[PDB]
Each structure stands twice: as structure tokens, then as C-alpha cells.
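This report refers to the structure that appears directly beneath it.
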Amino acid sequence: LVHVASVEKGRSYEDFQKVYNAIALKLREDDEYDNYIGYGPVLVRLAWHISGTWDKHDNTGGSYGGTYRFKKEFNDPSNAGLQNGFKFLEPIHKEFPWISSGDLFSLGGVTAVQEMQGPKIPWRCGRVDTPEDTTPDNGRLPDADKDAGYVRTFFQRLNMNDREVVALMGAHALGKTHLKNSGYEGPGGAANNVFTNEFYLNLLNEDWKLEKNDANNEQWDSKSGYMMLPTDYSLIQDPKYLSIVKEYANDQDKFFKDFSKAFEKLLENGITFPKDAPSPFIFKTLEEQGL
Ligand code: HEM
């Protein structure tokens with residue numbers, strides 16, 4: 001099963017920078033969402049969830065086809081809450097109807113990371129919408145109530161190794177769990193809408209207690225008022241993950257570089273880029289543009 005990237009007709013870097021900017025300006029404008037966390041974190045989660053359906057074995061799922069727009073995937077229990085990110089992006093799609101759905105969802109995540117002061121994430125265009133019957137079944141996204149061996153095995157399906165897994169998980173410094181969406185409640189950190197390596201520092205430095213939340217699920221809670229999922233905490237229970245947690249806790253630049261690589265890879269899994277495709281784009285932030 002082959003998905004060849006096809007550049008939206010006649011478009012180039014400037015066109016996609018305009019879409020970036022519109023997303024970034026709306027992120028700035030719609031500041032109140034989720035008790036003033038804003039839409040950055042949910043856009044990052046949306047980009048991951050539309051990518052994380054991928055299966056390396058048969059190239060089903062993945063970001064290419066933009067299939068989140070169809071009811072089966074939209075209504076996946078694993079995707080509860082992401083409707084907010086979709087609704088956010090709706091007016092952007094209306095303004096730029098030429099961009100594919102998978103390009104828009106993935107670019108939303110890139111824009112959020114960068115506007116939250118994260119690393120630059122190179123991004124490639126050319127995902128093409130595919131029909132409703134290409135939508136992957138529910139159940140391809142990961143469970144939170146599991147251990148390190150689960151996490152490691154899960155991510156093999158997305159062709160991610162230990163370092164890539166631990167780097168990607170650093171996104172859990174962003175935003176929060178919401179009891180109504182996932183059966184977990186609380187923020188992972190103090191800087192909910194700024195991208196840093198706080199996830200790793202908090203895992204190592206906080207005093208975590210294994211408690212039950214109001215949905216009768218176990219989660220790790222700190223006296224500082226933070227939480228970790230069982231799968232997050234597994235990164236300090238497994239010796240191989242722990243070494244990499246310590247590395248990123250002690251080197252902000254290394255985390256940023258490794259995250260950027262793993263996140264681009266996640267967003268591009270399943271896609272074949274022609275040898276004469278454009279190079280990946282690196283978008284300027286609003287701040288860099290004086291906007
Ligand atoms: C073992 C893997 C993972 C599990 C089990 C998992 C699970 C969860 C759960 C249960 C939530 C809360 C959803 C809600 O209640 O609103 C969540 C939030 C989120 N996840 Fe993950 N996740 C995993 C990996 C990732 C990865 C790879 C990324 C992206 C690089 C990511 C990004 C986020 C973001 C940013 C949030 C916050 C969303 C918000 O504030 O609205 N997750 N995740």
C-alpha cells in the first residue's frame with residue numbers, strides 16, 4: 001500500500017507559511033480555551049492521534065489520508081476531546097480550502113509546538129485526502145493503564161525505538177488530562193502551554209503517589225498538584241527508559257532536537273516522498289516575523 005506525496009497544485013513555502021500564520025494567530029486569539037491553556041496542546045494531541053493510527057506492517061492508517069474527518073475515526077473513544085482541535089481548525093480550512101486534511105491536521109501540531117516555544121519541526125506537504133473506506137478501525141491508539149513493556153511493544157508498530165518513544169512522551173508536559181475525555185484528571189506540569197523538558201524533570205524530581213481518581217482509575221499524583229499516567233511513570237520504572245529520561249532532564253537542547261526528529265517522523269510515517277519533492281519547510285514563528 002503506497003501513498004505518494006502530491007504537492008497541492010502550484011503551492012510553495014509561502015502558501016504554507018500563510019496557513020501556519022493563520023493557525024498561530026488564532027492560537028493567540030482564542031486564549032481562553034481550557035481555563036486559559038489555549039488550543040496548543042490539543043492541536044499537538046490531534047496531530048499525534050491522526051498519525052498514531054499507522055501500522056508499519058501494511059501501511060494502513062497514518063496522517064496521509066486525513067481520515068479523522070470521517071465519523072468512525074472522529075468518534076473513536078481514544079479521540080475524545082479532539083473535536084475541540086478539529087473545530088479550531090475548521091475556519092482555517094475554510095480560508096484555505098486547497099490544503100489537504102492530513103496536511104492541515106499535521107501542520108496544526110507543528111504550529112502549536114513552535115508557537116509554544118518548542119523546537120522547529122521541519123514539515124512536508126503533499127498528504128492527499130482518501131475516501132471514507134480507508135479510515136482505520138478504532139483501537140490503534142495506546143492505552144494509558146499499562147506498563148513499560150506495553151509501551152515499548154506498542155510503539156514498534158509505529159517504527160519507534162526507545163529514544164524516540166521517550167522523546168515523544170515529553171509532549172505530556174503540555175495541557176492536561178480531562179476526566180470526561182479519558183478517565184484521568186490533572187496537568188502534568190506547571191507550564192501547561194510552554195514546550196520545555198519539564199516532563200522529565202517532574203518525573204525525576206517530584207514526589208509521586210499512586211492514587212485513584214474520581215473515575216476509579218489509578219494515576220500518579222504529586223503534592224505539587226501534577227499527575228502522570230501509568231504509562232508515563234513506566235518511563236522511570238524501566239531501566240532503559242530511565243536512562244533516557246535522565247538524559248533529557250539534563251539537556252534541553254538534546255530533547256528539543258530528538259523530539260523534532262521523532263515528531264516529524266511520526267507525522268510522515270506511511271508517506272512516500274518523490275525524489276524531486278520539495279525539501280521540508282521550516283516555518284518562521286509569528287515572533288520571528290514580527291507579527
Ligand atoms: C503511551 C502513549 C500515550 C498515551 C497512553 C497517551 C495518553 C494520553 C491521555 C490519556 C491524555 C489525556 C486526554 C484527555 O483527557 O483529554 C493525553 C493527552 C495528551 N497527549 Fe498523550 N498519550 C500518549 C502519547 C502521546 C504522544 C506521543 C504525544 C505527542 C507527541 C502526546 C500528546 C498529548 C498531548 C499534548 C496531550 C494534552 C492534550 C490536552 O491538553 O488537551 N501523547 N494523552
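In the C-alpha cells, each chain is lettered A, B, ... as it comes, each chain's residues begin at 1, and ligands are numbered from 1 in order of appearance.
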
Distance filter 7 Å around ligand 1, atoms: only C-alpha atoms and all ligand atoms, out as a JSON list (two decimals) with C-alpha atoms, in the first residue's frame:
[["chain", "number", "residue", "atom", "x", "y", "z"],
["A", 41, "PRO", "CA", -1.80, 21.17, 23.48],
["A", 42, "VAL", "CA", -4.99, 19.78, 21.92],
["A", 44, "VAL", "CA", -0.43, 18.61, 19.30],
["A", 45, "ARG", "CA", -2.53, 15.68, 20.52],
["A", 48, "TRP", "CA", -0.31, 12.66, 17.04],
["A", 80, "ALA", "CA", -12.50, 12.05, 22.92],
["A", 81, "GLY", "CA", -11.81, 15.77, 23.28],
["A", 142, "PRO", "CA", -2.46, 3.32, 23.06],
["A", 143, "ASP", "CA", -3.95, 2.54, 26.47],
["A", 144, "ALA", "CA", -2.75, 4.58, 29.48],
["A", 151, "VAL", "CA", 4.61, 0.98, 25.69],
["A", 168, "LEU", "CA", 7.79, 11.89, 22.03],
["A", 169, "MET", "CA", 6.34, 11.41, 25.52],
["A", 171, "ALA", "CA", 4.78, 16.29, 24.95],
["A", 172, "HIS", "CA", 2.97, 15.25, 28.14],
["A", 174, "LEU", "CA", 1.63, 20.13, 27.72],
["A", 175, "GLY", "CA", -2.04, 20.57, 28.54],
["A", 176, "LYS", "CA", -3.83, 18.20, 30.89],
["A", 177, "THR", "CA", -5.89, 15.06, 31.21],
["A", 178, "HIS", "CA", -9.64, 15.65, 31.49],
["A", 179, "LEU", "CA", -11.74, 13.13, 33.44],
["A", 180, "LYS", "CA", -14.62, 13.30, 30.96],
["A", 181, "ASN", "CA", -12.39, 12.53, 27.97],
["A", 182, "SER", "CA", -10.06, 9.83, 29.20],
["A", 183, "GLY", "CA", -10.85, 8.89, 32.80],
["A", 184, "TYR", "CA", -7.74, 10.73, 34.05],
["A", 185, "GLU", "CA", -7.58, 14.18, 35.62],
["A", 231, "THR", "CA", 2.42, 4.74, 31.04],
["A", 263, "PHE", "CA", 7.68, 14.20, 15.76]]

Using DSSP secondary structure from the backbone, list all alpha helix (DSSP H) positions within stretch 63-219 of chain A, as a PyMOL selection string.
chain A and resi 71-74+83-95+101-115+148-156+162-169+179-182+198-205

Neighbours of residue A:248 within 8 Å (only C-alpha atoms; same-chain residues fewer than 5 positions away dropped), as a ChimeraX atom specification?
/A:167,197,200,254-255

Expressed in Å to a single decimal, how great is the separation between atom CA of residue A:154 and atom CA of residue A:57?
13.0 Å

Run DSSP on the backbone and grab whatever in stretch 13-236 of chain A lands in strand (DSSP E); send it over as an mmCIF file with N, CA and C atoms, in the first residue's frame.
data_model
loop_
_atom_site.group_PDB
_atom_site.id
_atom_site.type_symbol
_atom_site.label_atom_id
_atom_site.label_comp_id
_atom_site.auth_asym_id
_atom_site.auth_seq_id
_atom_site.Cartn_x
_atom_site.Cartn_y
_atom_site.Cartn_z
ATOM 1 N N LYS A 176 -3.374 18.943 29.727
ATOM 2 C CA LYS A 176 -3.826 18.201 30.894
ATOM 3 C C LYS A 176 -4.683 17.017 30.455
ATOM 4 N N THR A 177 -4.858 16.073 31.376
ATOM 5 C CA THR A 177 -5.889 15.059 31.208
ATOM 6 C C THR A 177 -7.213 15.601 31.740
ATOM 7 N N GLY A 186 -5.902 15.911 35.502
ATOM 8 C CA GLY A 186 -4.890 16.805 36.032
ATOM 9 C C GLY A 186 -3.838 17.149 34.992
ATOM 10 N N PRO A 187 -3.097 18.217 35.256
ATOM 11 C CA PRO A 187 -1.979 18.627 34.404
ATOM 12 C C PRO A 187 -0.709 17.863 34.753
ATOM 13 N N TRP A 208 5.892 11.289 43.885
ATOM 14 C CA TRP A 208 4.710 10.720 43.250
ATOM 15 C C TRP A 208 4.057 9.681 44.155
ATOM 16 N N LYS A 209 2.735 9.737 44.217
ATOM 17 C CA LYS A 209 1.959 8.755 44.970
ATOM 18 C C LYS A 209 0.913 8.126 44.057
ATOM 19 N N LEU A 210 0.776 6.814 44.138
ATOM 20 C CA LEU A 210 -0.176 6.113 43.280
ATOM 21 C C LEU A 210 -1.566 6.175 43.902
ATOM 22 N N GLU A 211 -2.464 6.923 43.278
ATOM 23 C CA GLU A 211 -3.783 7.178 43.858
ATOM 24 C C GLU A 211 -4.876 6.776 42.879
ATOM 25 N N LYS A 212 -6.120 6.720 43.356
ATOM 26 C CA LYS A 212 -7.236 6.568 42.424
ATOM 27 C C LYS A 212 -7.951 7.893 42.206
ATOM 28 N N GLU A 218 -6.279 4.365 38.425
ATOM 29 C CA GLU A 218 -5.034 4.719 39.089
ATOM 30 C C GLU A 218 -4.221 5.701 38.251
ATOM 31 N N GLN A 219 -3.675 6.701 38.926
ATOM 32 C CA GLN A 219 -2.731 7.643 38.339
ATOM 33 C C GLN A 219 -1.741 8.094 39.409
ATOM 34 N N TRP A 220 -0.592 8.585 38.967
ATOM 35 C CA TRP A 220 0.462 9.051 39.861
ATOM 36 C C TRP A 220 0.313 10.556 40.081
ATOM 37 N N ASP A 221 0.163 10.953 41.338
ATOM 38 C CA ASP A 221 -0.122 12.340 41.700
ATOM 39 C C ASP A 221 1.031 12.907 42.523
ATOM 40 N N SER A 222 1.399 14.166 42.310
ATOM 41 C CA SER A 222 2.410 14.783 43.169
ATOM 42 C C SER A 222 1.782 15.819 44.099
ATOM 43 N N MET A 227 0.060 15.340 37.721
ATOM 44 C CA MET A 227 -0.195 13.912 37.562
ATOM 45 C C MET A 227 0.595 13.335 36.391
ATOM 46 N N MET A 228 0.814 12.031 36.475
ATOM 47 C CA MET A 228 1.362 11.202 35.417
ATOM 48 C C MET A 228 0.471 9.986 35.182
#

Can you tell me how far atom CA of residue A:266 sits from atom CA of residue A:160, in Å to one decimal?
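We find that atom CA of residue A:266 and atom CA of residue A:160 lie 8.5 Å from each other.
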
Counting only C-alpha atoms, what is within 9 Å of residue A:136, bar same-chain residues fewer than 5 positions away, as number ranges by chain?
A: 53-54, 60-62, 67, 72-73

Please save N, CA, C and O atoms of the selected residues as a short mmCIF file (atom, residue, chain, number, x, y, z; two decimals), in the first residue's frame.
data_model
loop_
_atom_site.label_atom_id
_atom_site.label_comp_id
_atom_site.auth_asym_id
_atom_site.auth_seq_id
_atom_site.Cartn_x
_atom_site.Cartn_y
_atom_site.Cartn_z
N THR A 53 -2.45 6.17 14.25
CA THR A 53 -3.18 5.01 13.74
C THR A 53 -2.35 4.17 12.78
O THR A 53 -2.80 3.12 12.33
N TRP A 54 -1.17 4.65 12.40
CA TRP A 54 -0.37 3.99 11.37
C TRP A 54 0.01 2.58 11.78
O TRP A 54 0.29 2.31 12.96
N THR A 60 -1.56 0.82 6.62
CA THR A 60 -2.89 1.36 6.91
C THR A 60 -2.79 2.47 7.95
O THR A 60 -1.78 2.59 8.65
N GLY A 61 -3.83 3.30 8.05
CA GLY A 61 -3.81 4.43 8.97
C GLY A 61 -2.78 5.46 8.56
O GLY A 61 -2.39 5.53 7.39
N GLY A 62 -2.33 6.27 9.52
CA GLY A 62 -1.33 7.29 9.27
C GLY A 62 -1.95 8.61 8.86
O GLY A 62 -3.14 8.68 8.55
N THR A 67 -8.09 10.94 7.46
CA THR A 67 -9.32 10.19 7.65
C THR A 67 -10.04 10.52 8.95
O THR A 67 -11.18 10.09 9.15
N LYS A 72 -16.17 7.47 11.88
CA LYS A 72 -15.66 6.32 12.62
C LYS A 72 -14.45 6.72 13.46
O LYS A 72 -14.36 6.36 14.64
N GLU A 73 -13.55 7.48 12.84
CA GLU A 73 -12.31 7.90 13.49
C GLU A 73 -12.54 9.08 14.43
O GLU A 73 -12.01 9.11 15.54
#

Nearest to residue A:105, chosen from A:236, A:43, A:158, A:286, with only C-alpha atoms counted in the distances:
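The closest residue to residue A:105 is A:43.
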
Using only C-alpha atoms, which protein or nucleic acid residues come within 12 Å of residue A:119? Drop anything in the same chain fewer than 5 positions from it, and give the result as a list in words.
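Once the nearby chain positions are removed, what remains is residues 110, 111, 112, 113, 114, 171, 194, 195, 196, 197, 252, 253, 254, 255, 256, 257, 258, 259, 260, 261, 262, 263, 264, 282, 283, 284 and 285 of chain A.
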
Go ahead and save the residues from that selection, with N, CA, C and O atoms, as a short mmCIF file (atom, residue, chain, number, x, y, z; two decimals), in the first residue's frame.
data_model
loop_
_atom_site.label_atom_id
_atom_site.label_comp_id
_atom_site.auth_asym_id
_atom_site.auth_seq_id
_atom_site.Cartn_x
_atom_site.Cartn_y
_atom_site.Cartn_z
N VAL A 110 2.53 21.03 14.26
CA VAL A 110 3.81 21.72 14.09
C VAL A 110 3.71 23.17 14.55
O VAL A 110 4.55 23.65 15.31
N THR A 111 2.64 23.85 14.14
CA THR A 111 2.44 25.25 14.51
C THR A 111 2.31 25.40 16.02
O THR A 111 2.91 26.27 16.65
N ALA A 112 1.53 24.51 16.63
CA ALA A 112 1.38 24.60 18.08
C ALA A 112 2.71 24.42 18.79
O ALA A 112 3.05 25.18 19.70
N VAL A 113 3.50 23.40 18.42
CA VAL A 113 4.77 23.18 19.10
C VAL A 113 5.65 24.42 18.99
O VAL A 113 6.19 24.90 19.99
N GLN A 114 5.77 24.97 17.78
CA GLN A 114 6.68 26.11 17.59
C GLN A 114 6.15 27.34 18.30
O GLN A 114 6.93 28.10 18.89
N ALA A 171 5.96 15.48 25.22
CA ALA A 171 4.78 16.29 24.95
C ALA A 171 3.80 16.28 26.11
O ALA A 171 2.91 17.13 26.20
N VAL A 194 3.66 26.01 27.51
CA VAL A 194 5.01 26.29 27.01
C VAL A 194 5.77 24.97 26.88
O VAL A 194 5.76 24.15 27.80
N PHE A 195 6.36 24.74 25.72
CA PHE A 195 7.06 23.50 25.42
C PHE A 195 8.45 23.51 26.03
O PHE A 195 9.29 24.30 25.61
N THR A 196 8.69 22.68 27.04
CA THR A 196 10.01 22.54 27.65
C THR A 196 10.28 21.07 27.95
O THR A 196 9.46 20.22 27.59
N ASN A 197 11.38 20.78 28.64
CA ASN A 197 11.66 19.42 29.07
C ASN A 197 11.15 19.13 30.48
O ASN A 197 11.61 18.19 31.13
N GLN A 252 18.30 20.26 27.66
CA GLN A 252 17.15 20.83 26.96
C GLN A 252 17.32 20.78 25.44
O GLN A 252 16.38 20.53 24.69
N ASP A 253 18.52 21.12 24.97
CA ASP A 253 18.76 21.17 23.53
C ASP A 253 18.65 19.78 22.91
O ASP A 253 18.08 19.61 21.83
N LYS A 254 19.23 18.79 23.58
CA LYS A 254 19.15 17.42 23.07
C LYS A 254 17.71 16.93 23.00
O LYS A 254 17.28 16.34 22.01
N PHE A 255 16.92 17.20 24.03
CA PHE A 255 15.50 16.86 23.97
C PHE A 255 14.83 17.54 22.78
O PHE A 255 14.10 16.91 22.00
N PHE A 256 15.07 18.84 22.61
CA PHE A 256 14.42 19.55 21.51
C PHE A 256 14.79 18.92 20.17
O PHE A 256 13.93 18.71 19.31
N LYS A 257 16.07 18.60 19.98
CA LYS A 257 16.49 18.06 18.69
C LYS A 257 15.87 16.68 18.44
O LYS A 257 15.42 16.38 17.33
N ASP A 258 15.91 15.84 19.47
CA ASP A 258 15.36 14.49 19.34
C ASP A 258 13.84 14.52 19.19
O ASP A 258 13.28 13.74 18.41
N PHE A 259 13.16 15.38 19.94
CA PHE A 259 11.71 15.50 19.77
C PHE A 259 11.41 15.88 18.32
O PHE A 259 10.44 15.40 17.72
N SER A 260 12.10 16.92 17.84
CA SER A 260 11.78 17.43 16.50
C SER A 260 11.87 16.32 15.46
O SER A 260 10.99 16.14 14.62
N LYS A 261 12.94 15.54 15.53
CA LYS A 261 13.12 14.42 14.60
C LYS A 261 12.00 13.40 14.75
O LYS A 261 11.44 12.90 13.77
N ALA A 262 11.68 13.03 15.99
CA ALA A 262 10.71 11.95 16.19
C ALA A 262 9.31 12.43 15.79
O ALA A 262 8.52 11.64 15.28
N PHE A 263 9.01 13.69 16.09
CA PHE A 263 7.68 14.20 15.76
C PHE A 263 7.49 14.35 14.26
O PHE A 263 6.45 13.96 13.71
N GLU A 264 8.52 14.84 13.55
CA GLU A 264 8.42 14.87 12.09
C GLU A 264 8.23 13.45 11.55
O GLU A 264 7.38 13.19 10.68
N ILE A 282 10.71 24.81 6.92
CA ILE A 282 10.80 25.24 8.31
C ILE A 282 10.19 26.62 8.46
O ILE A 282 10.72 27.61 7.97
N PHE A 283 9.02 26.64 9.09
CA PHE A 283 8.24 27.87 9.21
C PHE A 283 8.76 28.79 10.29
O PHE A 283 9.17 28.34 11.37
N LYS A 284 8.69 30.08 9.98
CA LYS A 284 9.02 31.11 10.96
C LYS A 284 7.86 31.27 11.94
O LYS A 284 6.70 31.20 11.54
N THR A 285 8.18 31.45 13.22
CA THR A 285 7.12 31.76 14.18
C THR A 285 6.59 33.17 13.96
O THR A 285 7.18 34.00 13.28
#

Distance atom CA of residue A:127-atom CA of residue A:83, one decimal place?
20.8 Å

Hey, could you make a per-residue contact list for stretch 79-137 of chain A against stretch 12-25 of chain A with 7 Å as the cut-off, showing the nearest pair of atoms and its distance in Å to one decimal, counting only C-alpha atoms, sorted by chain and number, as a tab-separated table?
residue	atom	partner	partner_atom	distance
A:92	CA	A:23	CA	6.8
A:108	CA	A:23	CA	6.8
A:111	CA	A:20	CA	6.0
A:115	CA	A:24	CA	6.7

Write the selection just made, keeping N, CA, C and O atoms, as a compact mmCIF listing (two decimals), in the first residue's frame?
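Resulting contents of out_4.txt:
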# COMPACT_ATOMS: atom_id res chain seq x y z
N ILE A 92 -9.81 27.64 9.55
CA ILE A 92 -8.56 27.68 8.78
C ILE A 92 -8.75 26.96 7.45
O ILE A 92 -8.38 27.45 6.39
N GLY A 108 -1.13 21.80 11.99
CA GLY A 108 -1.62 22.35 13.24
C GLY A 108 -0.75 21.96 14.42
O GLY A 108 -0.47 22.76 15.31
N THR A 111 2.64 23.85 14.14
CA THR A 111 2.44 25.25 14.51
C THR A 111 2.31 25.40 16.02
O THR A 111 2.91 26.27 16.65
N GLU A 115 4.83 27.57 18.27
CA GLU A 115 4.31 28.80 18.88
C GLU A 115 4.37 28.72 20.40
O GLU A 115 4.46 29.74 21.08

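Minimum atom-to-atom distance to residue A:237, evaluated using only C-alpha atoms, belongs to A:146 out of A:146, A:71, A:140, A:28.
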